[PDB]
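Everything below concerns the one structure shown next.
The numbers here are math on the coordinates, done by the rules we state, and not lab data. Methodologically, a virtual Cβ is constructed for each residue, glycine included, from the backbone with ideal geometry; neighbour enumeration extends over all protein chains shown.
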Amino acid sequence: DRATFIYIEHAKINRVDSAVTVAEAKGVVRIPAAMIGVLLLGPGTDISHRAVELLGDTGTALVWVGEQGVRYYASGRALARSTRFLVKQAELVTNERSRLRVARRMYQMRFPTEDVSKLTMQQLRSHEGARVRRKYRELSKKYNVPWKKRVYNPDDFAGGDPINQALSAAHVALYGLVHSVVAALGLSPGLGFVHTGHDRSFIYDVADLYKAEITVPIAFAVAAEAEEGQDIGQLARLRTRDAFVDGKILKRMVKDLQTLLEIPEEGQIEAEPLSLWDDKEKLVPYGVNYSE
Amino acid sequence: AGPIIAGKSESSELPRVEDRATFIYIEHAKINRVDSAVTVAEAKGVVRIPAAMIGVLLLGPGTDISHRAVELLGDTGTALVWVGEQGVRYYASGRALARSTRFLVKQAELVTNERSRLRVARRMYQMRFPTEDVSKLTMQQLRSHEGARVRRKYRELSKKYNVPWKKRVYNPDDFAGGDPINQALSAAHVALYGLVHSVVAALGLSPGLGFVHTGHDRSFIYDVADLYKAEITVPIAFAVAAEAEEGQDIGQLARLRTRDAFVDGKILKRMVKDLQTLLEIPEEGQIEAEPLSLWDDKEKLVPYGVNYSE
Amino acid sequence: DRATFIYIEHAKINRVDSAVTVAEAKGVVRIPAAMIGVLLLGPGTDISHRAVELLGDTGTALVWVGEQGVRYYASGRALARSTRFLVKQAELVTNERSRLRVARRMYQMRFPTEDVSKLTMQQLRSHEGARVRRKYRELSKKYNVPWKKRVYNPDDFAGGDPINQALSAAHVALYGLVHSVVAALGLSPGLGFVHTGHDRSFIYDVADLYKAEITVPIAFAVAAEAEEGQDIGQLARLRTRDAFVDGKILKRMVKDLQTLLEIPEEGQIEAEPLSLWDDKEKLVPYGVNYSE
Amino acid sequence: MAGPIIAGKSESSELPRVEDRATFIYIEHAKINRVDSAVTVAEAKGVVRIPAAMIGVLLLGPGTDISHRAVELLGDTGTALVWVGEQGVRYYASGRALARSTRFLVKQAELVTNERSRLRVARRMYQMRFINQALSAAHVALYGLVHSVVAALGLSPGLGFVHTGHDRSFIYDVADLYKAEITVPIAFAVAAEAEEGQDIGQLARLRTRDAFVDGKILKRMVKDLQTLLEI
Amino acid sequence: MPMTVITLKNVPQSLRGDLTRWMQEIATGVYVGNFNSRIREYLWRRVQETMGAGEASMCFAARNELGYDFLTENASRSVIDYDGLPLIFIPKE
Amino acid sequence: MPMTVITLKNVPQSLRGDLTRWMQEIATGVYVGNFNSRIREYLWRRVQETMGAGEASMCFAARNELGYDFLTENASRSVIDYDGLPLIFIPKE
Amino acid sequence: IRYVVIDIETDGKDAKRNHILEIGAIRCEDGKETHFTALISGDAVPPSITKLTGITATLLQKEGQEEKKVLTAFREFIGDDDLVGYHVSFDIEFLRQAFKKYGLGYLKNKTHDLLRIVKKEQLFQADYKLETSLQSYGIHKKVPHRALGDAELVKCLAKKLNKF
DNA sequence: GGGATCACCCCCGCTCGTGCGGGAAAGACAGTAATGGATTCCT
DNA sequence: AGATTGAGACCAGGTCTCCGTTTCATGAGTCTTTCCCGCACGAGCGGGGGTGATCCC
DNA sequence: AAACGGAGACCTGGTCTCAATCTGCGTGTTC
DNA sequence: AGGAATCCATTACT
């Protein structure tokens, strides 16, 4: 049960006879269509109709994403046309017995040192609010960046202190990757467990498990070395791209989702961040030809 | 409001789903976003499509679209549907245009309750045939009876128009057929699919959570597409096939006759209203100045952007 | 009793104190408006609101025409706000017996020799058609003009023998000045006597008093000398323009219409044109002064 | 193949109906000219290209000058010209016509010569019957539009019913039929709702313009004459 | 009243002023107007012949489900239907 | 549904291609479409904050006997109010 | 460089209230002769065109053919190069709108018109005529109003004009 | 009572119908012109 | 690789004065009658939206 | 005198090609 | 007797 989350950039993609061929900048790749389960289409990538017809038959998930999935724009069908995860998700969100169960499960994942499952969620936001405030302060101490209180404005991105702009900019980079995987695997973005009422309610909830681990420290780190005038909005995006280059965060969350949904171990389908050129020796056993 | 940047706009600027056109067809051409304009690179020249007045932008065989081109279409909520031979091959869509999600939450809570599922399944079939009483039977024979009515309707229409029917029922999942009746009906139906594909994304309805049909990621479309396929596209499709002559691109002729039915049928006003009836959404002028909120079983929904530690 | 029909061409008009100021390049004119009854304006002339005001309050007549009346363009209030002529013109058309008498006088004005009292409208229409057919025929060979037929094309007049446009141009030429005079005199062209049911019904019943005398002799004249590759219509128009400059024809319409409307000789108002550069000697006693 | 009639001028068919065109325009201190087959009103700051077709009557006030060819060009549209001055209107102008059927005129002739016919119209006249610069501006706007519609359909301004004996007698009979109805309440409102430093000429004509379009008085012009003439 | 608009360029100045009797001129060779459908062809028929050399096009209220329909003559911006839908075609040189 | 007309002189090319997603281009720098009162005004907010040093004007149906009201910002052809009737003012030399 | 000279004539002007009467065309390229013409049957002819050219129901039934097949053949042989003719833009507008009724497809050709280029060399008055332009370029032959005669007439006009 | 379910207008956009005021198109209205047959003259 | 910004060169076309040239583009010896075409008008109506009753909690 | 039309006059806003730089437009524990 | 000029009869055209 392996899912291939192949990412492609600067490429024109079509088919020759029965396999997807990729005409990128520095060569041509001929990966078989069977392997492609989930495709990550980066910026400046072109798609041919015949390839779509070939990939439409295999149930491949097509998602238009930013550079290394930094930002999500549009999505196609789910992976292998499956919908089991979406159905289980719907059942869990509808009943409070399961609504609490997952809510504690995420909240516990944000408190590895404390088990607060038995305490009512009213103070959980208070307990969580202290944790992020603690995380904000200690991160500020490490990088010596002044921090008083996170203030922002959706209508006023440029104004305010850079750190809030940098922190806000890095967060949006995080939503893109996690929103890509949920659409490819078949999660409904609207059905949010903790957040509710917005089409991204799940996205802010699922990314909440990675607020305190990746996006916040990177934003503090890049803002510390950044000076006045530099467009931290793109600077934060580029470094968050670097943290996504390895794809370890891709594997981490793809296992957490069905873990959050109480999917049995047999149903734990794993996504492997296969790359056309970062896994040269890994694709050639399957019988793929490369052109330069 | 915020600054306006070339290529992006909010939902307030965009007109509602009921004030938009049907669809475009493209054949043997390339799609690109040049000078922040969605464009079609055909054999002879180019054309700029006002995507805001586009429900869905169909894609025939031999068409190409770049990543940046999809982004422009995704901002305005236009679905992308690839319809080649053998019917549609793949689907694509962007963000939900509407910021509320109350339509989506009702769909999830209704589908779990079989009693709610059964009543909606009876409500959905009532619109198909109001002359019948179906408040008793269960799912297993809805497919038989809805299917029987569909098979019988196809047979009578075929005999009337005098077009022979092979008895193969339109199956979007791997459609088969090359005779002139085939692509006449197949191209007609996928036109209905495109408008339905966008509106479920436009109103924020999960495409894979359907009642009558389950087991694939586009189930909900199939359940609600059937609400008008036997009432709109099938009568039109067979009419085209009967009047079809040798050596003519019937796909074009069939595609045109759809829109005349679409406009006269008042489908957008009817179809959007029907989704309300199926979902039984109460009528109320919701401001929803606060779209997102935090779930609170004890106390309704608490807002966001507040540190609850102190 | 005395009416002055002044025609100014190629000049502007204002006042200084109480008299109009012609702004021709040749000099400066200060004709008082007390003696002015009707003021004809040719192409390429200007008239100010401040100059017009005295024209209205002194009961003059402002009439825009072509070159000395070849075509009519617009008119204004008639003489001295006097409707003593249209009112009598009104009661004649409504009464058939009056219409018989007026129509009969129209024919006897064209042909005093023939008896007309026993005739009716159809008789007058038929006899006139017989007469003009004779007049067309006899005069055609007098000018050595091969006249195949009189065919007038209201849409495409260009295609045809040179006489047709020439005759049409000659015909429409007279229609202009007669319309301007009758508008200045104060009779609407709607009330026809023989012709009816048209805007110019009264014109087509009045212009016939001079069609056989002015239009046809000049129409064939230009047609006789007409050469290949020329706008016969323009040449005919030029010749009709020269004929109109003499005011002897103009003195007829003012006299004939007054007789035609059964106006007593005591109430008849004779008129004559007053040229700016040709009637200086006689306008000097009237208070007209000239500056160069 | 082309099948084209001669162009460069306009047949009354190409002109919109007397109802479709607007009510009136007001012009001051301008030199009217005809450039590139277009009527233009020239002010010191700049020029404006009036759409003569979509306007009924084009008023002209003190200190304005009009070229000959402009009057010719306006006559093609048939829009009426009215020279408005201080203390009431001063002098009128008109084209030739816009309708070629003299039925209303012929009927107008019948109703004016017969004395008993005049009494019928005069009695029919009565049924729908029941600061100086401000009231004057309302009158001339009323006078101009009613003159244009009368001249558009070929009706004779000379032949009035009550106001008689002058060349514009009919206009003084049809215009005052609506004077006490629309203009008077509007004129009173201008005096009550007035302020120093505001352009009375601009403001008064602006409100009277709204009253005319709101009250559909232009709609009533054709119909009231048609029913009064039994046409 | 339904709205119609006519554009012009590279046409004799007489036409560029003639339409101003009917239609206002926002900018160089563009016009707007509210005429009855009967008046539309009469203006266009004049434009059909008074045009001379140049380029012109017209938009107007239409019963197509977009709301407008396109008329172009000898224009680099050819109008081509897309299943009963007006679109601008720009052929490449 | 009131008609909308858009013209553009010396405007950045990004807006020229971006606004095609709402209107069709009958002529270069000239755009037209059929929106309501709400949508059209928001499209003004787009052009007003991206034209910069440029020229743009619009017309839309209104409650005037001429049938439309003029809208203009930073354009050579200004608009002058003639007793409520919107007519094109063109400055001269 | 390939062009098609198309000449057609209707029973009027309105899109929905009038119908195509005769269709004939010739491709004017490389000087090879493939002269084609067609006719449409009908039962009602307006008086004006009747007096101008002469068309009767008997003629249409004895010679004219079905609308759909004639239009199909036209679309078949006009799918390669542009459509050119005198005052051809107005005719192509109506003809393409007619393809909408019968669903021929998407006509893709440049709407360029020969008459507009002819008007340029004078730009004197606001009205021009066929026999005015033909005599200006030494085309003495008048209008036969038929498909092939007008086709060769416009062929000679294109050879003489050559503004393209 | 409130929400939920089943029905109340109004009325206004929408559709359609006549229909009216306009086409255009013929068909009337008289004496001559022109053609041909009867009359008369001529071979 | 697909897309945007900019600098660069281009230039057809809008605009100008000057110069020449027109004063305009062309019917109605007869109206009457019966036609045709129209978009005009009202008014019929659907159709829900809003409003108003019962129906369900 | 006005106005058109042409032949000049030179105007510039748009189209196009060319590197160069970019992958993108950013609230959800902000009060 | 026959044609031909004339006249009348007549249709026909303006």
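For the protein assembly as shown, the direction-averaged projected area of the alpha-carbon convex hull comes to 70.0 nm². Only the Cβ atoms of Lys and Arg (+1) and of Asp and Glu (-1) were treated as charged; on that basis the dipole of region B:102-279 about its Cα centre amounts to roughly 720 debye. Charges on Cβ only, +1 for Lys and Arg, -1 for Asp and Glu, centred on the Cα centroid of chain F; of F:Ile39, F:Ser76, F:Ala56, which one is farthest towards the dipole's positive end? Highest projection toward the positive end goes to F:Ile39. Per residue of peptide D:112-125, the mean number of Cβ atoms on other chains within 10 Å of the residue Cβ is 1.
Among DSSP bridges having both ends in the protein assembly as shown, what percentage is antiparallel? Round to the nearest 5. Restricted to the protein assembly as shown, the bridges split so that about 70 percent are antiparallel.
One quarter of the convex hull surface built on the alpha carbon atoms of chain C amounts to 17.1 nm², the projected area averaged over directions.
Placing a pseudo-label 7 Å from each Cα along the Cα-to-Cβ vector at D:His29 and C:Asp242 gives an inter-label distance of 4.9 nm. Net charge in the neighbourhood of A:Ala3 (other residues with Cβ under 9 Å of its Cβ; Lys, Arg +1, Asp, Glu -1) is -2. Only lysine pairs 8 or more places apart or on separate chains count here, and in region D:22-228 those with Cα atoms under 24 Å apart total 6. For region D:22-228, divide the Cα radius of gyration by the Kirkwood radius and give the resulting Rg/Rh value with two decimals. Value, to two decimals: 0.98. Candidates B:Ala21, B:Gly77, B:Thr63 compared by Cα position along the dipole of region B:17-92: farthest toward the positive end lies B:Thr63, with charges placed on Cβ.
DSSP beta bridges confined to chain A are antiparallel in about 50 percent of cases. In terms of its C-alpha gyration tensor, region B:123-237 comes out oblate, because a/c is 1.5 or above while a/b does not outweigh b/c. From most to least packed by mean Cβ count within 10 Å, the peptides D:210-222, B:72-84 give B:72-84, D:210-222.
Annotation: region B:213-310 has a Kirkwood hydrodynamic radius of 18.2 angstrom, from the mean reciprocal C-alpha pair distance. The magnitude of the dipole of chain B, with charges of +1 and -1 set on the Cβ of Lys/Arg and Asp/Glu and taken from the Cα centre, is near 1020 debye. Over region A:1-120, the Kirkwood radius and the radius of gyration, each from Cα atoms, give a ratio Rg/Rh of 1.15.
Electrostatic bookkeeping for B:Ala191 treats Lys and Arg as +1 and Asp and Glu as -1; over the other residues with beta carbon under 11 Å from its beta carbon, the sum is +3.
Model label sites at B:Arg122 and A:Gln108, defined 7 Å from Cα along the beta-carbon direction, differ in position by 4.2 nm. Between the residues G:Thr37, G:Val143, G:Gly103, the greatest Cα displacement towards the positive end of the dipole of region G:20-162, with unit charges on the Cβ of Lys, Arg, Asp and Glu, is found for G:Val143. Volume of the convex hull of region C:54-186 (Cα atoms only), normalised per residue: 159 Å³.
A simple charge model with +1 on the Cβ of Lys and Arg, -1 on the Cβ of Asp and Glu and nothing else charged puts the dipole of chain E at about 300 debye relative to its Cα centre.
Straight Cα distances below 16 angstrom link G:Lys32 to the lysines G:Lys155, G:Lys159, with same-chain residues fewer than 8 positions distant left out. Summing charges over all other residues whose Cβ lies under 15 Å from the Cβ of A:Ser98, with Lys and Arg as +1 and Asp and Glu as -1, gives 0. Alpha-carbon geometry of region G:15-116: the Rg and the Dmax are 14.4, 41 Å, given in that order. Using alpha carbons only, the radius of gyration of region C:1-50 set against its Kirkwood radius gives Rg/Rh = 0.95. Size descriptors for region E:4-89 (Cα atoms only): Rg and Dmax, in that order, 12.7, 38 Å. The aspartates and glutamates whose alpha-carbon is closer than 18 Å to the alpha-carbon of A:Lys149, local same-chain residues fewer than 8 away aside, are A:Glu128, A:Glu138, A:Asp161, B:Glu310. The loop-placed trypsin sites (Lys or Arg not before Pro) in region C:147-205, going by DSSP, that have at most 16 neighbouring Cβ atoms within 10 Å of their Cβ come out as C:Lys148, C:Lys149, C:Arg150. Distances between copies of F:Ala53, taken at a point 7 Å out from Cα along the Cα→Cβ vector and listed shortest first: 3.6 nm.
Cross-link pairs exceeding 23 Å between alpha carbons, from the set C:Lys118/C:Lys248; G:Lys16/G:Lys119; B:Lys160/G:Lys16; C:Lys26/F:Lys92; C:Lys26/C:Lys280: C:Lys118/C:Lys248; G:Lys16/G:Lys119; B:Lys160/G:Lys16; C:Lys26/F:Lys92.
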